[PDB]
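So this one's protein_36.txt, compact mmCIF, N, CA and C atoms:
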```txt
# COMPACT_ATOMS: atom_id res chain seq x y z
N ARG U 640 -87.15 -17.11 174.24
CA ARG U 640 -86.55 -16.15 175.16
C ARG U 640 -85.41 -16.81 175.92
N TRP U 641 -84.49 -15.97 176.38
CA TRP U 641 -83.29 -16.42 177.07
C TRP U 641 -82.88 -15.34 178.07
N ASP U 642 -81.64 -15.39 178.53
CA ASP U 642 -81.11 -14.42 179.47
C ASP U 642 -79.76 -13.91 178.99
N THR U 643 -79.49 -12.64 179.28
CA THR U 643 -78.25 -12.02 178.85
C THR U 643 -77.08 -12.54 179.68
N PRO U 644 -75.99 -12.98 179.06
CA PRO U 644 -74.82 -13.42 179.83
C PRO U 644 -73.92 -12.26 180.23
N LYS U 645 -72.76 -12.57 180.81
CA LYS U 645 -71.82 -11.55 181.29
C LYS U 645 -70.92 -11.08 180.14
N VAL U 646 -71.52 -10.32 179.24
CA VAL U 646 -70.80 -9.77 178.10
C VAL U 646 -70.21 -8.43 178.50
N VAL U 647 -69.08 -8.06 177.88
CA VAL U 647 -68.29 -6.93 178.36
C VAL U 647 -69.00 -5.60 178.12
N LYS U 648 -69.20 -5.21 176.86
CA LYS U 648 -69.89 -3.95 176.59
C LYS U 648 -71.16 -4.12 175.77
N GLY U 649 -71.10 -4.75 174.61
CA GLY U 649 -72.21 -4.79 173.68
C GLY U 649 -72.72 -6.21 173.49
N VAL U 650 -74.04 -6.35 173.55
CA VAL U 650 -74.70 -7.64 173.35
C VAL U 650 -75.44 -7.59 172.03
N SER U 651 -75.18 -8.57 171.17
CA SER U 651 -76.02 -8.84 170.02
C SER U 651 -76.28 -10.33 169.98
N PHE U 652 -77.49 -10.72 169.59
CA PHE U 652 -77.88 -12.12 169.60
C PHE U 652 -78.08 -12.60 168.16
N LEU U 653 -77.37 -13.66 167.80
CA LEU U 653 -77.46 -14.28 166.49
C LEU U 653 -78.33 -15.52 166.61
N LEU U 654 -79.37 -15.59 165.78
CA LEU U 654 -80.36 -16.66 165.82
C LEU U 654 -80.35 -17.39 164.49
N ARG U 655 -80.15 -18.70 164.53
CA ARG U 655 -80.10 -19.53 163.33
C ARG U 655 -81.06 -20.70 163.48
N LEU U 656 -82.00 -20.81 162.55
CA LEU U 656 -83.04 -21.84 162.60
C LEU U 656 -82.76 -22.88 161.54
N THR U 657 -82.60 -24.13 161.96
CA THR U 657 -82.34 -25.24 161.04
C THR U 657 -83.48 -26.24 161.12
N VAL U 658 -83.72 -26.95 160.02
CA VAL U 658 -84.81 -27.92 159.93
C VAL U 658 -84.22 -29.28 159.57
N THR U 659 -84.60 -30.30 160.34
CA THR U 659 -84.16 -31.65 160.05
C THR U 659 -84.83 -32.15 158.78
N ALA U 660 -84.03 -32.66 157.85
CA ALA U 660 -84.54 -33.10 156.56
C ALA U 660 -85.07 -34.53 156.65
N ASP U 661 -85.71 -34.97 155.57
CA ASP U 661 -86.30 -36.30 155.53
C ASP U 661 -85.23 -37.39 155.58
N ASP U 662 -84.15 -37.22 154.83
CA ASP U 662 -83.08 -38.22 154.83
C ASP U 662 -82.30 -38.21 156.13
N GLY U 663 -82.14 -37.05 156.75
CA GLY U 663 -81.42 -36.95 158.01
C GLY U 663 -80.48 -35.76 158.07
N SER U 664 -80.38 -35.02 156.97
CA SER U 664 -79.51 -33.85 156.92
C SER U 664 -80.23 -32.66 157.55
N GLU U 665 -79.67 -31.47 157.36
CA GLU U 665 -80.23 -30.25 157.92
C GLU U 665 -80.52 -29.25 156.81
N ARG U 666 -81.46 -28.35 157.08
CA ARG U 666 -81.86 -27.31 156.15
C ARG U 666 -81.93 -25.99 156.90
N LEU U 667 -81.33 -24.94 156.33
CA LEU U 667 -81.27 -23.64 156.98
C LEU U 667 -82.47 -22.80 156.54
N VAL U 668 -83.24 -22.32 157.50
CA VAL U 668 -84.37 -21.42 157.25
C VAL U 668 -84.13 -20.14 158.03
N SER U 669 -83.80 -19.07 157.31
CA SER U 669 -83.67 -17.72 157.86
C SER U 669 -82.56 -17.59 158.90
N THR U 670 -82.20 -16.35 159.21
CA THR U 670 -81.26 -16.05 160.28
C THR U 670 -81.52 -14.62 160.73
N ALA U 671 -81.07 -14.30 161.94
CA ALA U 671 -81.36 -12.98 162.48
C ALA U 671 -80.23 -12.53 163.40
N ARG U 672 -80.05 -11.21 163.47
CA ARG U 672 -79.16 -10.58 164.44
C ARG U 672 -79.94 -9.47 165.12
N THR U 673 -80.29 -9.67 166.38
CA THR U 673 -81.15 -8.73 167.10
C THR U 673 -80.47 -8.27 168.38
N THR U 674 -81.17 -7.39 169.10
CA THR U 674 -80.74 -6.94 170.42
C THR U 674 -81.72 -7.27 171.52
N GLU U 675 -83.02 -7.22 171.25
CA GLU U 675 -84.02 -7.59 172.24
C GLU U 675 -83.93 -9.09 172.53
N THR U 676 -84.29 -9.45 173.76
CA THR U 676 -84.19 -10.84 174.19
C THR U 676 -85.26 -11.70 173.52
N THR U 677 -86.53 -11.36 173.73
CA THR U 677 -87.61 -12.17 173.19
C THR U 677 -87.65 -12.09 171.66
N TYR U 678 -87.93 -13.22 171.03
CA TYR U 678 -88.14 -13.27 169.59
C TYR U 678 -89.36 -14.13 169.29
N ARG U 679 -90.05 -13.81 168.20
CA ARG U 679 -91.25 -14.52 167.79
C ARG U 679 -91.14 -14.90 166.32
N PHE U 680 -91.38 -16.17 166.02
CA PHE U 680 -91.43 -16.65 164.65
C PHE U 680 -92.87 -16.69 164.16
N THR U 681 -93.04 -17.00 162.88
CA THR U 681 -94.37 -16.96 162.27
C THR U 681 -94.36 -17.79 160.99
N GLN U 682 -95.47 -18.50 160.76
CA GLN U 682 -95.68 -19.29 159.54
C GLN U 682 -94.59 -20.35 159.37
N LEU U 683 -94.56 -21.27 160.32
CA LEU U 683 -93.64 -22.40 160.30
C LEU U 683 -94.39 -23.66 159.87
N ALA U 684 -93.75 -24.45 159.01
CA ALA U 684 -94.36 -25.67 158.51
C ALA U 684 -93.46 -26.87 158.76
N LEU U 685 -93.81 -28.01 158.17
CA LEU U 685 -93.05 -29.27 158.28
C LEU U 685 -93.07 -29.71 159.75
N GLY U 686 -92.06 -30.47 160.17
CA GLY U 686 -92.05 -31.04 161.50
C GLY U 686 -90.91 -30.58 162.39
N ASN U 687 -90.04 -31.51 162.76
CA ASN U 687 -88.99 -31.22 163.73
C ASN U 687 -88.01 -30.19 163.19
N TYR U 688 -87.53 -29.33 164.08
CA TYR U 688 -86.47 -28.39 163.74
C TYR U 688 -85.78 -27.95 165.02
N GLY K 134 -10.36 42.27 184.50
CA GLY K 134 -10.33 43.71 184.32
C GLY K 134 -11.60 44.25 183.69
N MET K 135 -11.46 44.81 182.49
CA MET K 135 -12.62 45.34 181.79
C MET K 135 -13.54 44.20 181.36
N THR K 136 -14.82 44.54 181.18
CA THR K 136 -15.84 43.58 180.76
C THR K 136 -16.54 44.18 179.54
N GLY K 137 -15.97 43.95 178.36
CA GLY K 137 -16.49 44.52 177.14
C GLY K 137 -17.58 43.67 176.51
N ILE K 138 -18.08 44.16 175.38
CA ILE K 138 -19.14 43.51 174.61
C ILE K 138 -20.36 43.28 175.49
N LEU K 139 -21.01 44.36 175.90
CA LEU K 139 -22.29 44.25 176.58
C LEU K 139 -23.37 43.77 175.61
N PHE K 140 -23.40 44.36 174.42
CA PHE K 140 -24.32 44.00 173.34
C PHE K 140 -25.78 44.01 173.82
N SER K 141 -26.24 45.22 174.13
CA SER K 141 -27.64 45.44 174.48
C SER K 141 -28.58 44.73 173.52
N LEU K 142 -29.58 44.05 174.08
CA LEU K 142 -30.49 43.21 173.31
C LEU K 142 -31.95 43.64 173.46
N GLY K 143 -32.20 44.88 173.87
CA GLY K 143 -33.57 45.34 174.02
C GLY K 143 -34.34 45.31 172.72
N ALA K 144 -33.66 45.54 171.60
CA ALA K 144 -34.32 45.56 170.31
C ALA K 144 -34.72 44.16 169.85
N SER K 145 -33.89 43.16 170.14
CA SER K 145 -34.13 41.82 169.61
C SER K 145 -35.38 41.18 170.21
N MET K 146 -35.65 41.43 171.50
CA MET K 146 -36.78 40.78 172.14
C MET K 146 -38.12 41.25 171.58
N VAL K 147 -38.23 42.54 171.25
CA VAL K 147 -39.49 43.06 170.73
C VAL K 147 -39.82 42.48 169.36
N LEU K 148 -38.83 41.92 168.67
CA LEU K 148 -39.04 41.44 167.31
C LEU K 148 -40.13 40.38 167.24
N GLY K 149 -40.31 39.61 168.32
CA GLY K 149 -41.37 38.63 168.36
C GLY K 149 -42.70 39.12 168.87
N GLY K 150 -42.80 40.39 169.26
CA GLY K 150 -44.01 40.91 169.86
C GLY K 150 -43.74 41.57 171.19
N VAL K 151 -44.59 42.52 171.58
CA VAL K 151 -44.42 43.25 172.83
C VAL K 151 -45.34 42.72 173.92
N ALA K 152 -46.56 42.30 173.56
CA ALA K 152 -47.47 41.75 174.56
C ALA K 152 -46.92 40.47 175.17
N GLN K 153 -46.03 39.79 174.46
CA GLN K 153 -45.41 38.59 174.98
C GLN K 153 -44.35 38.91 176.02
N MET K 154 -43.94 40.18 176.14
CA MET K 154 -42.91 40.54 177.12
C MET K 154 -43.48 40.60 178.52
N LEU K 155 -44.81 40.65 178.64
CA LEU K 155 -45.47 40.67 179.94
C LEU K 155 -46.36 39.45 180.17
N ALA K 156 -46.77 38.76 179.11
CA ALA K 156 -47.62 37.59 179.23
C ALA K 156 -47.06 36.48 178.35
N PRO K 157 -46.88 35.27 178.89
CA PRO K 157 -46.37 34.17 178.06
C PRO K 157 -47.31 33.76 176.93
N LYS K 158 -48.58 34.17 176.99
CA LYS K 158 -49.62 33.87 176.00
C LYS K 158 -50.07 32.42 176.08
N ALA K 159 -51.37 32.19 175.90
CA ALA K 159 -51.92 30.85 176.02
C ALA K 159 -51.55 30.00 174.81
N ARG K 160 -51.24 28.73 175.06
CA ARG K 160 -50.95 27.80 173.98
C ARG K 160 -52.23 27.46 173.22
N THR K 161 -52.06 27.08 171.95
CA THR K 161 -53.20 26.70 171.15
C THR K 161 -53.04 25.29 170.61
N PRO K 162 -54.11 24.51 170.54
CA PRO K 162 -54.01 23.16 170.00
C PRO K 162 -54.08 23.16 168.48
N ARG K 163 -53.78 22.00 167.91
CA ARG K 163 -53.82 21.83 166.47
C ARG K 163 -55.21 21.37 166.04
N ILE K 164 -55.44 21.41 164.73
CA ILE K 164 -56.74 21.10 164.14
C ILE K 164 -56.62 19.77 163.40
N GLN K 165 -57.49 18.83 163.73
CA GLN K 165 -57.59 17.56 163.01
C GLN K 165 -58.72 17.67 162.00
N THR K 166 -58.41 17.38 160.74
CA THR K 166 -59.41 17.39 159.68
C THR K 166 -60.50 16.37 159.97
N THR K 167 -60.11 15.21 160.50
CA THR K 167 -61.07 14.15 160.79
C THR K 167 -62.13 14.61 161.78
N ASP K 168 -61.78 15.49 162.70
CA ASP K 168 -62.75 15.98 163.67
C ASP K 168 -63.37 17.20 163.00
N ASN K 169 -63.97 16.98 161.82
CA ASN K 169 -64.71 17.96 161.04
C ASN K 169 -64.07 19.35 161.03
N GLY K 170 -64.77 20.34 161.57
CA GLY K 170 -64.22 21.67 161.74
C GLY K 170 -64.30 22.16 163.17
N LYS K 171 -64.60 21.25 164.09
CA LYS K 171 -64.69 21.60 165.50
C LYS K 171 -63.32 22.01 166.03
N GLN K 172 -63.33 22.91 167.02
CA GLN K 172 -62.10 23.38 167.65
C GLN K 172 -61.95 22.73 169.02
N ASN K 173 -60.80 22.10 169.24
CA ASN K 173 -60.55 21.43 170.51
C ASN K 173 -60.25 22.44 171.61
N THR K 174 -60.89 22.26 172.76
CA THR K 174 -60.60 23.08 173.92
C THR K 174 -59.42 22.50 174.68
N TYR K 175 -58.60 23.38 175.26
CA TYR K 175 -57.45 22.96 176.04
C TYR K 175 -57.78 22.78 177.52
N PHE K 176 -59.01 23.08 177.94
CA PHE K 176 -59.33 22.99 179.35
C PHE K 176 -60.68 22.34 179.61
N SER K 177 -61.24 21.61 178.64
CA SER K 177 -62.50 20.92 178.83
C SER K 177 -62.56 19.72 177.90
N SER K 178 -63.14 18.62 178.38
CA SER K 178 -63.29 17.39 177.61
C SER K 178 -64.71 16.85 177.82
N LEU K 179 -65.62 17.26 176.95
CA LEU K 179 -67.01 16.84 177.07
C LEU K 179 -67.17 15.34 176.84
N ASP K 180 -66.43 14.80 175.88
CA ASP K 180 -66.52 13.39 175.54
C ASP K 180 -65.94 12.56 176.67
N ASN K 181 -66.50 11.37 176.89
CA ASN K 181 -66.00 10.45 177.90
C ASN K 181 -64.98 9.50 177.29
N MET K 182 -63.74 9.59 177.77
CA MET K 182 -62.59 8.97 177.15
C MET K 182 -62.41 7.56 177.71
N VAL K 183 -61.28 6.92 177.40
CA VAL K 183 -60.98 5.58 177.87
C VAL K 183 -59.83 5.65 178.87
N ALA K 184 -60.01 4.97 180.00
CA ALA K 184 -59.01 5.02 181.06
C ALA K 184 -57.80 4.18 180.69
N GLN K 185 -56.79 4.82 180.10
CA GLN K 185 -55.56 4.14 179.73
C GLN K 185 -54.48 5.17 179.43
N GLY K 186 -54.38 5.58 178.17
CA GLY K 186 -53.41 6.60 177.81
C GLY K 186 -53.64 7.91 178.52
N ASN K 187 -54.90 8.35 178.59
CA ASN K 187 -55.18 9.64 179.20
C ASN K 187 -54.84 9.60 180.68
N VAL K 188 -54.06 10.59 181.12
CA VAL K 188 -53.67 10.67 182.52
C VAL K 188 -54.88 11.06 183.36
N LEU K 189 -54.90 10.61 184.62
CA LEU K 189 -55.93 10.99 185.57
C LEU K 189 -56.12 12.50 185.57
N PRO K 190 -57.26 12.99 185.09
CA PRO K 190 -57.44 14.44 184.92
C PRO K 190 -57.75 15.12 186.24
N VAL K 191 -57.87 16.45 186.17
CA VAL K 191 -58.15 17.28 187.34
C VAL K 191 -59.27 18.25 187.01
N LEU K 192 -60.14 18.50 187.99
CA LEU K 192 -61.24 19.44 187.87
C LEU K 192 -60.99 20.66 188.75
N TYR K 193 -61.51 21.81 188.30
CA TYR K 193 -61.32 23.06 189.01
C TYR K 193 -62.59 23.90 189.16
N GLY K 194 -63.73 23.47 188.62
CA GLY K 194 -64.98 24.15 188.86
C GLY K 194 -66.00 24.03 187.74
N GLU K 195 -67.24 23.73 188.11
CA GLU K 195 -68.39 23.59 187.19
C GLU K 195 -68.01 22.58 186.10
N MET K 196 -68.32 22.85 184.83
CA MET K 196 -67.95 21.98 183.71
C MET K 196 -68.53 20.57 183.86
N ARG K 197 -69.82 20.46 183.57
CA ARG K 197 -70.32 19.13 183.23
C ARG K 197 -69.44 18.55 182.13
N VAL K 198 -68.65 17.53 182.46
CA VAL K 198 -67.72 16.90 181.52
C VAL K 198 -67.81 15.38 181.63
N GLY K 199 -67.15 14.72 180.68
CA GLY K 199 -67.10 13.27 180.62
C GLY K 199 -66.18 12.69 181.67
N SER K 200 -65.53 11.59 181.31
CA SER K 200 -64.73 10.83 182.27
C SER K 200 -63.78 9.92 181.51
N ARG K 201 -63.11 9.04 182.26
CA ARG K 201 -62.28 7.98 181.71
C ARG K 201 -62.83 6.66 182.23
N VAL K 202 -63.51 5.91 181.36
CA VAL K 202 -64.23 4.72 181.80
C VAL K 202 -63.24 3.63 182.18
N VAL K 203 -63.40 3.08 183.38
CA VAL K 203 -62.52 2.04 183.88
C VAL K 203 -63.12 0.65 183.69
N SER K 204 -64.43 0.49 183.89
CA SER K 204 -65.05 -0.82 183.71
C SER K 204 -66.49 -0.66 183.26
N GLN K 205 -66.82 -1.26 182.13
CA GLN K 205 -68.17 -1.32 181.59
C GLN K 205 -68.59 -2.77 181.49
N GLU K 206 -69.78 -3.09 181.99
CA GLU K 206 -70.21 -4.48 182.07
C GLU K 206 -71.73 -4.53 182.09
N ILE K 207 -72.31 -5.42 181.29
CA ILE K 207 -73.75 -5.52 181.13
C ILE K 207 -74.18 -6.94 181.47
N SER K 208 -75.19 -7.07 182.33
CA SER K 208 -75.64 -8.36 182.83
C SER K 208 -77.16 -8.36 182.91
N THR K 209 -77.71 -9.34 183.62
CA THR K 209 -79.15 -9.46 183.81
C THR K 209 -79.54 -8.93 185.18
N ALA K 210 -80.52 -8.04 185.20
CA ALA K 210 -80.92 -7.36 186.43
C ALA K 210 -81.83 -8.25 187.27
N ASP K 211 -82.02 -7.84 188.52
CA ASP K 211 -82.94 -8.48 189.44
C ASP K 211 -84.31 -7.83 189.35
N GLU K 212 -85.34 -8.63 189.63
CA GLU K 212 -86.72 -8.15 189.63
C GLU K 212 -87.09 -7.74 191.05
N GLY K 213 -86.83 -6.47 191.36
CA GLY K 213 -87.14 -5.93 192.67
C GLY K 213 -85.97 -5.19 193.28
N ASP K 214 -86.19 -3.93 193.66
CA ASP K 214 -85.11 -3.14 194.24
C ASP K 214 -84.83 -3.55 195.68
N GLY K 215 -85.87 -3.93 196.42
CA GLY K 215 -85.70 -4.30 197.80
C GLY K 215 -87.04 -4.34 198.50
N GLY K 216 -86.97 -4.65 199.79
CA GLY K 216 -88.19 -4.78 200.57
C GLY K 216 -88.92 -6.07 200.22
N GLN K 217 -90.18 -6.12 200.65
CA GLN K 217 -91.03 -7.27 200.40
C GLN K 217 -91.96 -7.08 199.21
N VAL K 218 -91.92 -5.92 198.56
CA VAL K 218 -92.79 -5.65 197.41
C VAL K 218 -92.05 -6.19 196.18
N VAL K 219 -92.39 -7.42 195.81
CA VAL K 219 -91.64 -8.15 194.79
C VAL K 219 -92.57 -8.70 193.71
N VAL K 220 -93.68 -8.01 193.46
CA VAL K 220 -94.65 -8.52 192.51
C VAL K 220 -94.06 -8.53 191.10
N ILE K 221 -94.56 -9.44 190.27
CA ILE K 221 -94.15 -9.55 188.87
C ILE K 221 -95.32 -9.28 187.93
N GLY K 222 -96.45 -9.94 188.16
CA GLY K 222 -97.61 -9.78 187.29
C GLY K 222 -98.44 -8.55 187.59
```
I need this file expressed as structure tokens, please.
Amino acid sequence: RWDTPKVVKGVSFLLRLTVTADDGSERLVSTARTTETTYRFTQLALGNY
Amino acid sequence: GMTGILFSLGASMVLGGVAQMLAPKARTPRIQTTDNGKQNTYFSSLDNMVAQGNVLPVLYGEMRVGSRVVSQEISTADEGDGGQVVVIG
């Protein structure tokens, strides 16, 4: 969850989830464009992200 | 001296219509295909327009109508209208 900033007319929130790889790179898992503030994920594995 | 060529014109004016000789007749707007088949009113604007090109309009009675928006802004609200009643849970 977060807070809405001072946007002019329309608010949309883009959410991008990345996972740190074993060697040190990044891995992209899913993306979303929503309007509600709170978001909930589900069925996450591995470690740091 | 003489003032000739009166050239009575009573006949020419009727050529465009007789009801127009007593009433200028109301103007009519044009039809935009893009606005489906709706007919634009010349004295009412239900839609709320943008405050820029449109001149400051005038009202003359009743007519729930739109407006010309000057500033729209969305932020984060406060939890509590006022007083000491400020519960959250």
Legend entry - Those of chain K in DSSP strand (DSSP E or B), formatted as a list in words: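 DSSP-assigned strand (DSSP E or B) residues in chain K: residues 182, 183, 201, 202 and 207 of chain K.
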Legend entry - Spatial neighbours of stretch 160-176 of chain K, max dist 10 Å, only C-alpha atoms, sep filter under 6 positions, as a PyMOL selection string: chain K and resi 191-193+196
Generate the output file for the selected residues, N, CA and C atoms, as an mmCIF file, keeping the file's coordinate frame.
```
data_model
loop_
_atom_site.group_PDB
_atom_site.id
_atom_site.type_symbol
_atom_site.label_atom_id
_atom_site.label_comp_id
_atom_site.auth_asym_id
_atom_site.auth_seq_id
_atom_site.Cartn_x
_atom_site.Cartn_y
_atom_site.Cartn_z
ATOM 1 N N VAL K 191 -57.870 16.450 186.170
ATOM 2 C CA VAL K 191 -58.150 17.280 187.340
ATOM 3 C C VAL K 191 -59.270 18.250 187.010
ATOM 4 N N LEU K 192 -60.140 18.500 187.990
ATOM 5 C CA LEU K 192 -61.240 19.440 187.870
ATOM 6 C C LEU K 192 -60.990 20.660 188.750
ATOM 7 N N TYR K 193 -61.510 21.810 188.300
ATOM 8 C CA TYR K 193 -61.320 23.060 189.010
ATOM 9 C C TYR K 193 -62.590 23.900 189.160
ATOM 10 N N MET K 196 -68.320 22.850 184.830
ATOM 11 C CA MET K 196 -67.950 21.980 183.710
ATOM 12 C C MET K 196 -68.530 20.570 183.860
#
```
Inset, instruction - Could you check how far atom C of residue K:153 sits from atom C of residue K:141, in Å to one decimal? - result: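 The value is 17.0 Å.
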Inset, instruction - Work out how far atom CA of residue U:642 is from atom C of residue U:657, in Å to one decimal. - result: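 Calculated distance between atom C of residue U:657 and atom CA of residue U:642 is 22.0 Å.
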Using only C-alpha atoms and a distance of at most 9 Å, pull out the residues of chain U that contact chain K, as a compact mmCIF listing (two decimals) with N, CA and C atoms, keeping the file's coordinate frame.
```
# COMPACT_ATOMS: atom_id res chain seq x y z
N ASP U 642 -81.64 -15.39 178.53
CA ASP U 642 -81.11 -14.42 179.47
C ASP U 642 -79.76 -13.91 178.99
N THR U 643 -79.49 -12.64 179.28
CA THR U 643 -78.25 -12.02 178.85
C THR U 643 -77.08 -12.54 179.68
N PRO U 644 -75.99 -12.98 179.06
CA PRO U 644 -74.82 -13.42 179.83
C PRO U 644 -73.92 -12.26 180.23
N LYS U 645 -72.76 -12.57 180.81
CA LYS U 645 -71.82 -11.55 181.29
C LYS U 645 -70.92 -11.08 180.14
N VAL U 646 -71.52 -10.32 179.24
CA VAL U 646 -70.80 -9.77 178.10
C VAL U 646 -70.21 -8.43 178.50
N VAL U 647 -69.08 -8.06 177.88
CA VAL U 647 -68.29 -6.93 178.36
C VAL U 647 -69.00 -5.60 178.12
N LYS U 648 -69.20 -5.21 176.86
CA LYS U 648 -69.89 -3.95 176.59
C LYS U 648 -71.16 -4.12 175.77
N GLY U 649 -71.10 -4.75 174.61
CA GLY U 649 -72.21 -4.79 173.68
C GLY U 649 -72.72 -6.21 173.49
N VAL U 650 -74.04 -6.35 173.55
CA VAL U 650 -74.70 -7.64 173.35
C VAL U 650 -75.44 -7.59 172.03
```
Inset, instruction - Show which residues sit within 6 Å of residue U:652, as an MDAnalysis selection string. Count all atoms listed in the file, and ignore same-chain residues fewer than 6 positions away. - result: chainID U and resid 671:674
Inset, instruction - Calculate how many Å separate atom N of residue K:199 from atom CA of residue K:183, rounding to one decimal. - result: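 Going from atom N of residue K:199 over to atom CA of residue K:183, I get 11.4 Å.
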Inset, instruction - Neighbourhood query: residues within 6 Å of (-86.4, -25.4, 158.7), file coordinates, counting all atoms listed in the file; return as a ChimeraX atom specification. - result: /U:656-659,666-668,688
Write out as a PDB file with N, CA and C atoms, keeping the file's coordinate frame which residues come within 7 Å of residue U:670 when counting only N, CA and C atoms, dropping same-chain ones fewer than 6 positions away.
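Heads up, here's the output in selection_25.pdb:
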```pdb
ATOM      1  N   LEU U 653     -77.370 -13.660 167.800  1.00  0.00           N
ATOM      2  CA  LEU U 653     -77.460 -14.280 166.490  1.00  0.00           C
ATOM      3  C   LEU U 653     -78.330 -15.520 166.610  1.00  0.00           C
ATOM      4  N   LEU U 654     -79.370 -15.590 165.780  1.00  0.00           N
ATOM      5  CA  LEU U 654     -80.360 -16.660 165.820  1.00  0.00           C
ATOM      6  C   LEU U 654     -80.350 -17.390 164.490  1.00  0.00           C
ATOM      7  N   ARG U 655     -80.150 -18.700 164.530  1.00  0.00           N
ATOM      8  CA  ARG U 655     -80.100 -19.530 163.330  1.00  0.00           C
ATOM      9  C   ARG U 655     -81.060 -20.700 163.480  1.00  0.00           C
ATOM     10  N   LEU U 656     -82.000 -20.810 162.550  1.00  0.00           N
ATOM     11  CA  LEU U 656     -83.040 -21.840 162.600  1.00  0.00           C
ATOM     12  C   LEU U 656     -82.760 -22.880 161.540  1.00  0.00           C
TER      13      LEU U 656
END
```
Calculate, to one decimal in Å, the centre and edge lengths of the box along x, y and z of the file that holds all listed atoms of stretch 159-163 of chain K with 6 Å of margin on each side, and present them as lines of an AutoDock Vina configuration file.
```
center_x = -53.1
center_y = 26.8
center_z = 171.0
size_x = 16.3
size_y = 22.8
size_z = 22.0
```
Inset, instruction - Rank nothing, just name the residue among K:151, K:201, K:219, K:145 nearest to residue K:187, using all atoms listed in the file. - result: K:201
Inset, instruction - Write down as a list in words the residues belonging to chain K that are assigned helix (DSSP H, G or I) by DSSP computed on the backbone. - result: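 Selection result, helix (DSSP H, G or I) within chain K: residues 143, 144, 145, 146, 147, 152, 153 and 154 of chain K.
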